[PDB]
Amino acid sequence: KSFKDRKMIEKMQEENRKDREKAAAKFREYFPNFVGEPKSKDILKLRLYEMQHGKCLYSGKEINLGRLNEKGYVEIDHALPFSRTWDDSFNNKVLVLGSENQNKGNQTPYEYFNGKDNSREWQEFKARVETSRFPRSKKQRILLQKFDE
């Protein structure tokens, strides 16, 4: 309704603009040579990098931040495969090395890492997820065992 609502609106909208520009300036600070403007997926890669402590979630290997935008180095993977979940939420998006995202196919992390037999790779993966800066609903989603079925 009122004019003071209008003023609060542009107050609140300024904080939204300033934050998106803050993330944009940071991206080009990190990558001056990045041609063009960072899209949402580019910001997501960087965000995932920070939350995963600079490690590929599948291998545990260190990700070279310099090659983050290198076409074919890091990929954003759907943990629970999209074909069985249709889950394109942020909670189902993780950052992995392109090399380590070649033989997972339509498996869940639980299936891929042989969590049924509590394998070493499963234990290391699970430890990597629980110690990351993911929300606790994201960890639960990633670490799901059974489905509907």
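Start at 1 with the first residue shown and count on from there.
Higher mean CA temperature factor, per the PDB entry, when comparing 21-29 with 125-133: 21-29.
For the pair 32-40 and 111-119, the mean Cα B-factor is higher in 32-40. Per the deposited record, the Cα B-factor of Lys93 falls in the lowest third when ranked against the other modelled residues of its chain.
Ranked by C-alpha B-factor against the other modelled residues of its chain, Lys55 falls in the lowest third. When the CA B factors of the chain's modelled residues are split into thirds, the value for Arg67 lands in the middle one.
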